[PDB]
4 protein chains.
Amino acid sequence: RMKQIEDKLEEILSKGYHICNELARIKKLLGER
Amino acid sequence: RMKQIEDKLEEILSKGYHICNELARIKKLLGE
Amino acid sequence: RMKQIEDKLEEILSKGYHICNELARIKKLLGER
Amino acid sequence: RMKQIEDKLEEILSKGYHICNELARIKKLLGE
C-alpha cells in the first residue's frame, strides 16, 4: 500500500509533466502564428 | 491514514486524465 | 504534518479542478468559432 | 514516510502552478 502510494505519486508527477509539455507545445504553435 | 491519502491520489490522478482529454480535444480544434 | 499533507492534497485537487475548468472554457470559446 | 510524501506533494503542486501560468499565457494569445 505504501508502494502503491509511491507509484501513484510518480504517476501524478509524470502526467503533470506531460500536461505541461502539451501546453508548452500549444503555446509554441500559437506564438508562431 | 495511508488509505485516505491513496484514495485522494486516485482522485487527483483522474483529474489529470480528464485534463489530458480536454487537451486532446483542444489540440484538434487548433488543427494540431 | 499529517494535517499539512491533508491540506496539500486538497490544494492539488482544487487546482486540478481549476485547471480543468480553465481548459473547458478554452474549449468552449474555440468551438463557438 | 510522511516527509517523503509531503515532499512529492509540494512538487506536484508546483507543476500545477506552472500549468496555470501556461494557461494564462495561452488564454491571452487567444484573445481571452
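Across segment A:1-10, which residue is farthest from the chain's Cα centre (by Cα) among those that are assigned to a helix (DSSP H, G or I) and either more than 10 Å from chain D (Cβ to nearest Cβ) or not β-branched (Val, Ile, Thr) (or both)? Give the steps one after another, and end with the answer.
So the first thing to find is which residues in segment A:1-10 are assigned to a helix (DSSP H, G or I), and the list is A:2-10.
Within this subset, residues satisfying the condition of being either more than 10 Å from chain D (Cβ to nearest Cβ) or not β-branched (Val, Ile, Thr) (or both) are A:2-4, A:6-10.
On the way: A:2: 23, A:3: 21, A:4: 19, A:6: 17, A:7: 15, A:8: 13, A:9: 12, A:10: 11 Å.
Residue satisfying both the conditions and the ranking: A:2.
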Scope chain B; condition over 23 Å from residue D:13 (Cβ atoms) and more than 8 Å from chain C (Cβ to nearest Cβ); matching residues: B:24, B:27, B:28, B:31, B:32
Qualifying positions in segment A:11-27 - facing chain D (nearest Cβ under 7 Å) and charged (D, E, K, R): A:27
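A short reminder: the numbers here are calculations on the coordinates, not readings from a lab. We place every Cβ from the backbone using ideal geometry, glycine too, and count neighbours over all the protein chains shown.
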